[PDB]
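Reviewing the structure listed below.
There are 2 protein chains.
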Amino acid sequence: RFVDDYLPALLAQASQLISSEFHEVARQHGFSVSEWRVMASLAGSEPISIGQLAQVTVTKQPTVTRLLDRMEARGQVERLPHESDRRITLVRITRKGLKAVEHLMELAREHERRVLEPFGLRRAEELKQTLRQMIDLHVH
Amino acid sequence: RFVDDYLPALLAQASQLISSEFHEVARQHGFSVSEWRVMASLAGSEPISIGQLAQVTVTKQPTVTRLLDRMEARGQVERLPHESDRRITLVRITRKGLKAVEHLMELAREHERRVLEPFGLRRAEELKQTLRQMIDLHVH
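Below, the structure is given as structure tokens:
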């Protein structure tokens with residue numbers, strides 16, 4: 010069975026299953042999946058470019074731009090010029106956005122702890138380290 | 010930075026980056042992403058239910074059904090009744106479909122080998138084992 014041990018299929022299924030669990034919680038708290046991904050990805054961050062945000066939220070950049078249009082209208086994020094090279098727009102979370110997602114972020118930490126608890130701290134840290142190294146090797 | 014070590018974000022980015030690399034190869038060989046996921050997931054498999062196929066291909070079931078309508082028209086797959094409980098439709102790859110995807114599957118194995126080579130056999134097997142265990146714990 011080709012797919013049983015094919016890495017991209019394993020990553021895709023694990024990602025879908027784990028994310029879908031928490032996305033149900035996010036929607037019960039009034040967030041769409043894309044709104045949660047953006048706010049979670051900007052929380053605690055310096056301003057980042059739209060392109061960086063699209064990568065970390067695994068969302069196409071034109072979709073991110075339309076999303077930021079309405080989230081900025083709601084005062085949850087702010088777009089800013091890149092002071093130097095100004096073909097680049099930066100984006101940050103506002104205080105209003107952070108307060109809006111703070112409780113959901115604690116629920117997200119609790120869900121993650123539950124997902125990882127059966128594996129133990131060693132295997133959990135290994136997994137996160139390998140995933141981080143893979144991302145940094147393949148990000149364009 | 011909340012998202013830097015948040016497992017669902019790490020899985021989602023690693024999955025997107027790794028899959029997107031190979032999906033470019035698939036399209037150069039005339040396959041859409043969904044066609045490749047279905048054929049790869051059925052290769053070497055006994056017939057599986059539509060619901061099982063939707064899970065392993067991380068594709069919504071109504072989307073899978075429409076996809077199978079056209080792939081069955083092209084003779085690449087076949088739907089079959091579940092002989093017992095027959096609220097269930099099963100699906101399999103045909104010989105024509107297998108021959109169509111055989112070369113792409115070898116390219117997929119080579120791409121996977123390249124992705125995993127920097128990590129070594131131990132860390133690669135750990136990763137696949139952890140992902141498999143996570144899937145089996147969270148699949149509904």
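Order-wise, the sequence lines are chains A and B. Residues in the first sequence are numbered consecutively from 10, following UniProt numbering. Residues in the second sequence are numbered consecutively from 10, following UniProt numbering. Beta carbons: idealized from backbone N, C-alpha and C, even for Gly.
Using a 10 angstroms sphere on the CB of residue 124 of chain B, the tally of other CB atoms reaches 16 or more, which defines it as buried.
Listed in chain order, the beta strand (DSSP E) elements of length 3 or more contained wholly in the region 67–114 of chain B are 86–90 and 98–102. At a cut-off of 8 Å between beta carbons, residue 90 of chain A makes no contact with chain B. In this structure residue 138 of chain A is exposed. Its beta-carbon is surrounded by fewer than 16 other beta-carbon atoms within 10 angstroms. In summary, the residues of the region 129–144 of chain B whose CB is separated from some CB of chain A by less than 7 Å are 132, 135, 136, 137, 139, 140, 141, 143 and 144, in the order they occur in the chain. For residue 41 of chain B, the secondary structure class from DSSP, reduced to helix, strand or coil, is coil. The C-alpha of residue 128 of chain A lies about 44 Å from the C-alpha of residue 83 of chain B. In the structure shown, residue 58 of chain B adopts extended strand secondary structure according to DSSP, grouped into three states. Cα atoms of residue 108 of chain A and residue 141 of chain A: separation of roughly 28 Å, rounded to the nearest angstrom. Listed in chain order, the non-local C-beta contacts of residue 12 of chain B below 8 Å within the same chain comprise 18, local neighbours out to five positions each way being set aside.
For residue 20 of chain A, the residues of chain B that pass the 8 Å Cβ criterion are 20, 23, 24, 27, 28 and 140, in the order they occur in the chain. Per the coordinates, the alpha-carbon of residue 66 of chain B lies some 15 Å from the alpha-carbon of residue 40 of chain B. Across the structure, residue 100 of chain B and residue 87 of chain B are spaced so that their CA atoms are roughly 6 Å apart. Annotated as distal: residue 97 of chain A and residue 74 of chain A, with beta-carbon spacing of 8 Å or more. Cβ-Cβ distances below 6 Å link residue 63 of chain B to 70 and 73 in the same chain, with the five nearest sequence neighbours on each side left out; the list follows chain order. Per DSSP, the continuous alpha helix (DSSP H) segment holding residue 145 of chain A begins and ends at 129–147. Taking a Cβ-Cβ threshold of 8 Å, the residues of chain A close to residue 121 of chain B are 15, 16 and 17, in chain order. Within chain A, no C-beta atom comes nearer than 7 Å to that of residue 80 of chain B; the closest sits roughly 16 Å away. Excluding residues up to 5 positions away in sequence, 99 and 100 lie with their Cβ nearer than 7 Å to the Cβ of residue 57 of chain B in the same chain. DSSP, read as helix, strand or coil, puts residue 18 of chain A in helix.
Interface annotation, residue 31 of chain A: in contact with chain B, CB-CB separation under 8 Å.
Cα atoms of residue 105 of chain B and residue 136 of chain B: separation of roughly 33 Å, rounded to the nearest angstrom.
Residue 37 of chain B is classed as exposed because its beta carbon has fewer than 16 other beta carbons within 10 Å across all chains shown. Taking a contact as a CB-CB distance under 8 Å, the pair residue 77 of chain B and residue 27 of chain A does not count as one, their CB atoms being some 27 Å apart.
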